[PDB]
Structure formats: C-alpha cells, structure tokens
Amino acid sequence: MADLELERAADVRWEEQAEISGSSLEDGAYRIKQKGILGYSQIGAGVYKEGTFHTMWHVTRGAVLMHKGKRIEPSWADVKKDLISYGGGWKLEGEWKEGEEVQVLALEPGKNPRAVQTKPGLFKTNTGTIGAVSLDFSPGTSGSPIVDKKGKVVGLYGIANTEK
C-alpha cells in the first residue's frame, strides 16, 4: 500500500497584487505526497471545500489518503474527466465566464504556492467550447486550483469548462 498523505499549502483566494501574462481538516489547497525511501515526493495538489477533498484521479489513483491522524477515503470519481472526490460528493460547481482572466494557484513540488494571472486559450469541442490553461509547471503541480474573480474554483490544473 502506498503511504499517501495530504498537507495544507495555503488559503484559496484571488490575489489582487498577482503577476499577469505568462512567465510560468480545514478548507484550502493541499499538496498530495506519498512517503518514499529517500523522503516524500509531491505527486499532485488538491482543493478542500465543504469537508470534501477534490483532486485528479491520476494523482490519487483511488488510493486512501492520510490527513492528520485520520484516513480520508474516496466517495466518487470519473477516470474520463480525471476527477476524484474524497469523503463527499464533488462540491466544485464554479464555471468560467469564457471572457474574464483567471488566476492559477500553482504548487510546484518544493516551491511556495503562488497565484499567476493568465487568460485561458479557447478551443471548440463536440461538448461545447473549452478553456485551456497550459504553463511550464512540473507534473506534481497537477490538481492546482484555477480560480475566477469571485475566488471560486473554476478548474484544476490539468481542462477549464466554460458556461455562458
């Protein structure tokens, strides 16, 4: 069994003094790490909202997560959407405007969390136009929350559904 733990990184809030363009228990953004022979390694990032943990399926792979002294366990997942919810139903209903700029709360493995302001690229799909946020970040950054101007989570770094 892989020893997967989550650790709180910071609060999830829109950053007003944020850098624009592209230079590339408790609510918040968590690092997802598993204990190794050398040490822990960061494999993903998750969003804690309303007592439910949200992360990418590929990061967790369905494995049980250790938070504090309690084991937090999966409730729902979608492999096609690469989404997994722990302890409760998916709580992230936020949608992108399609026109407004967004901030990515990044969590490079081994790096302070930072908010980066960028405009997502818009591409058509059979299921309706989608926004793509692609930057030069490590893999372990996967699951990093994408927030709108209201500070709601509109996407996970990996894919930004827009509703208008």
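Only the largest set of C-alpha atoms that superpose within 1.5 Å between the two forms is called the rigid core. Start at 1 with the first residue shown and count on from there.
A.B. asks: Once the rigid core is matched, which of the two stretches, 130 to 138 or 61 to 69, lies farther off on average in 4 other deposited structures of this protein by C-alpha?
C.D. replies: After the core superposition, the stretch with higher RMS deviation in 4 other deposited structures of this protein is 130 to 138.
A.B. asks: Is 93 to 101 or 107 to 115 the stretch whose C-alphas end up farther from this model in 4 other deposited structures of this protein after a rigid core fit?
C.D. replies: Looking at 107 to 115 and 93 to 101 in 4 other deposited structures of this protein, the bigger mover is 93 to 101.
A.B. asks: Can you count the deposited residues that have no coordinates between residue 158 and residue 159 and report it as none, 1 to 3, 4 to 9, or 10 or more?
C.D. replies: Missing in between: 10 or more residues.
A.B. asks: Do the CA atoms of 101 to 109 or those of 62 to 70 have the higher mean B-factor in the entry?
C.D. replies: Result of the comparison: 62 to 70.
A.B. asks: Name the one of 45, 115, 122, 38 with the greatest CA B-factor according to the PDB entry.
C.D. replies: Out of 45, 115, 122, 38, the record gives the largest C-alpha B-factor to 38.
A.B. asks: Would you mind ranking residue 16 by its C-alpha B-factor against the rest of the chain and naming the third, lowest, middle or highest?
C.D. replies: Ranked within chain, residue 16 CA B lands in the highest tercile.
A.B. asks: State the tercile, meaning the lowest, middle or highest third, of residue 154 with respect to the CA B-factors recorded for its chain.
C.D. replies: Lowest third of the chain for residue 154's C-alpha B-factor.
A.B. asks: Lowest, middle or highest third: which one holds residue 140 when the chain's residues are ordered by CA B-factor from the entry?
C.D. replies: For residue 140, whose C-alpha B-factor we compare with every modelled residue in the chain, the answer is the lowest third.
A.B. asks: Rank-wise, by C-alpha B-factor, drop residue 9 into the lowest, middle or highest third of its chain.
C.D. replies: Within its chain, residue 9 is a middle-third residue by C-alpha B-factor, going by the deposited values.
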